[PDB]
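Listed next as structure tokens is one chain, alone, in the form deposited in one PDB entry.
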């Protein structure tokens, strides 16, 4: 019988209009002393269902869920490695082997989601956590983490849209192909220092993304350039990964040729950065 009193609050991990996340310590039971992330929501149904349905090394684990008063409590594994964002921000630009590692782990997580009919939509690097070893954990399954909200209804444009596919921005209907686009935008950000389509303002940024005139930096390897070219396409159906082979298609691309997927999945590959050493 789990209740809020079973946990002590340690610090705030994040707050927005639609929930708050705490680092907490369990103080009862066999897991006495163990550290978790606690998300509290004001009652969302998709979020819980998603987290209960997925089980994968590169996706955050849900340990407990319960509702007391009007609040929903989600107890997740505590991820101490921070946001992928912070590594990018410190490094400026990743070496290709660095980028390859992260993108490869993300692709497996995306594959798992898609098999469960789940679409991640937004792979901006603040939406990817690292665990204590430095491996990827997809975490962003909730409504919106913002405090100021675009549109008096839906939460597509609240944060940056720089990693979202044209067809999402147009609201013209979409599928799992948007995730492969977003993987490309993230990849582009890793290898060049900024997402592919940026404007002086929101309106300009939308227009650039819709026009999708890709600038392939010449200093990248041919494999990296070819993958970016095949991910960042306005025609969703014709992106790598958009076909029946999904993640398998992307993982077969020459940019990932040095990846042992079995070793990757089992997390036996050493991450480029170790959060414990930071």
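Whichever C-alpha set is largest while still superposing within 1.5 Å between the two forms counts as the rigid core. Residue numbers count along the first chain shown, from 1. Only residues modelled in both forms are compared.
In at least a third of the other PDB entries of this protein that model the residues around it, residue 151 has no coordinates. In the comparison with other entries of the same protein, residue 68 is given coordinates in all of those covering both sides of it, so it never reaches the one-third threshold. The deposited sequence places 10 or more unmodelled residues between residue 43 and residue 44. Relative to its counterpart among 153 to 161 and 130 to 138, 153 to 161 has the higher mean temperature factor, C-alpha atoms as listed in the PDB entry.
Relative to its counterpart among 29 to 37 and 47 to 55, 47 to 55 has the higher mean temperature factor, C-alpha atoms as listed in the PDB entry.
Highest CA B-factor among the listed residues (201, 107, 80, 87): 201. Comparing the C-alpha B-factors of 208, 121, 124, 116 in the entry, the top value falls on 116. When the CA B factors of the chain's modelled residues are split into thirds, the value for residue 238 lands in the middle one. The deposited CA B-factor of residue 266 belongs to the highest third of values across its chain. Among all modelled residues in its chain, residue 172 ranks in the highest third by Cα B-factor. When all modelled residues of the chain are sorted by CA temperature factor, residue 256 is found within the highest third. The PDB entry assigns residue 179 a C-alpha temperature factor belonging to the lowest third of its chain's modelled residues.
One more form of this protein, deposited in another entry, exists but is not displayed; see below.
Of the residues listed here (108, 129, 169, 118), only one shifts its CA by 2 angstroms or more between the shown form and the other one after fitting on the rigid core, and it is 169. The gap between the Cα atoms of residue 182 and residue 173 is smaller in the other entry, by no less than 3 Å, than in this form.
Put simply, residue 105 and residue 164 spread apart in the other entry: their C-alpha atoms are 3 Å or more farther than in the form shown. Residue ranges 142 to 146, 159 to 174 are the runs of 3 or more whose C-alphas all shift by 2 angstroms or more between the shown form and the other one once the rigid core is superposed.
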